[PDB]
């Protein structure tokens, strides 16, 4: 079925993402350390840490004061590798694990100056990615009892697209297109330009074979036309609950239906209960509620 086919598209995207992550992790980490150190990757630039003896070895633990879902160990590991690799980390949690208040995330051991310099940077990644995974899981809870799945969007904090799409995955959400290069999102503008939905879809399939094709519809008539034109996925743009139920009944399980627009944590369940297959939520990646962490020596 088309709904199950989208689950396959989501896994293909997560695969592309995992393949690109090492490079993206290195890039964000370097830029973050550079900003903190003042344009250099030399940890000796941390003036306060220099008040500690050069030879001191210390052990610290990072703890979450809040419940949620963990994400970010790969980024925290890279922070310490970029600082020289002298600090070793024992992780007590894995990406995607549920966290309870005051749970220990990891234990770090190495030169005290390095731990001091890397601590905030490592925590800034963890709190951000964990924050996104945590928000995602809260949204996913609203779908209980339905077969509906949550999708992310292109409304992401700049520089962290791949990290946030990964955190969404860690929180139980699914990935929609990574960018404008991996899937088509056909809208009214494109439909008019090509002279009809079937023509737009055909052009899309001829220009980039294999790329998923999604069509945005604003009315039931458009939906019906997109379904008739064989569309893979149909995005329902600002549909009322009534229109959603009607769309689901009209569709009869043919295409994958995805609702988009003005979705809040407070009305997500009601949207899912109409029978739509997916709900896209820009709030998962456009907003951020960082997980509160503490580092103790």
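Numbering follows the first chain given and starts at 1.
- Higher mean CA temperature factor between 99-107 and 118-126: 99-107, per the PDB entry.
- For the segment pair 27-35 and 239-247, the entry gives 239-247 the higher mean B-factor, averaged over Cα atoms.
- By the numbers in the PDB entry, the CA B factor is greatest at 252 among 257, 62, 272, 252.
- Of the candidates 221, 150, 178, 164, the one whose C-alpha carries the top B factor in the deposited record is 221.
- Among the modelled residues of its chain, residue 73 has a C-alpha B-factor that falls in the lowest third according to the deposited record.
- Among the modelled residues of its chain, residue 144 has a C-alpha B-factor that falls in the highest third according to the deposited record.
- Annotation for residue 293: CA B-factor lies in the middle third of the chain's modelled residues.
- Sort the chain's modelled residues by C-alpha temperature factor and residue 155 lands in the lowest third, per the entry.
- For residue 189, the recorded CA B-factor ranks within the highest third of the chain. Only modelled residues enter the ranking.
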